[PDB]
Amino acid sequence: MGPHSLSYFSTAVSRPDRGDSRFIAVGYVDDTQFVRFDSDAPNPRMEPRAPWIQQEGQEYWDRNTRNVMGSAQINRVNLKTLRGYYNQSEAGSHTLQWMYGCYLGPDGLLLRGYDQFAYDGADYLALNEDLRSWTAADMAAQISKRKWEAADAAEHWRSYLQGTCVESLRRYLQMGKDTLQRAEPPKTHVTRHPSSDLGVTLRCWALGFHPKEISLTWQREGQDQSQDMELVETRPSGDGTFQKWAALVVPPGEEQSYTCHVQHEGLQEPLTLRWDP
């Protein structure tokens, strides 16, 4: 397979015109979103986004709501502090992004933990792999680093990532076992399209697959064709599966000299296919 993970992705945006900010947090197990929070929602709560989390009881929902509400407040202050460190105008909107989480090893222990920040899209501050020290991107982030050293923030993170994060992840994998722990292989085929030159486009499709990780390549006589190929970003189907394609222009009549190759964890071994009308 590959390692499973639990992650949270949060976005804070300042709104000077309104005297406030907006905080949006989403949680994922692997490629599957399962919770959301939006501080603009009336009566804002942590809310379910996958069916298998709805079995958690009231204490879970109250506790998670209290903790994400508190983060939204702290991140509103952090927006103001960072504006000051950079001597930016009070009228402009800025963005503070936060990502943290845990990957699970094959023995059930933490494989890798992370906790990191960006300001206006640029790296700001990050927890090192050791979970015992921080790396700052500039003179402003050094100020924040010294506060977190003084407060022993790393000890708290180390404890959360090795303990609560891994433990929660293992519970969610069990609650959603029938969907999360099952891979679905791609359905594949090659199409042919008349093209603006006397070249023909061949397009290799992979459809209906989970998880999202996949390789699609083209060869002619053992020779990889990546330098002239268009490969689109992997995209959601909307039902928990994904799609991708790879296309290239070939001379007319020569279509069957080309092979598409597909690798995915749902396949028993790698696939070779060609234009097969």
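For every residue, the number given is its place in the sequence shown, counted from 1.
For the two regions 178-186 and 141-149, the entry's Cα B-factors average higher over 178-186. Remark: stretch with higher mean C-alpha B factor among 20-28 and 264-272 is 264-272.
Take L131, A136, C204, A91 and read off each C-alpha B-factor from the entry; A91 has the highest. Note on the listed residues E213, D62, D40, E47: the highest Cα temperature factor in the record is that of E213. Residue-level temperature factors show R112 in the middle third of its chain, judged at the C-alpha atom. Among all modelled residues in its chain, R36 ranks in the lowest third by Cα B-factor. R76: CA B factor in the lowest third of modelled residues in this chain (values from the PDB entry).
Per the deposited record, the Cα B-factor of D197 falls in the highest third when ranked against the other modelled residues of its chain.
Ranked by Cα temperature factor within the chain, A246 sits in the middle third according to the deposited record.
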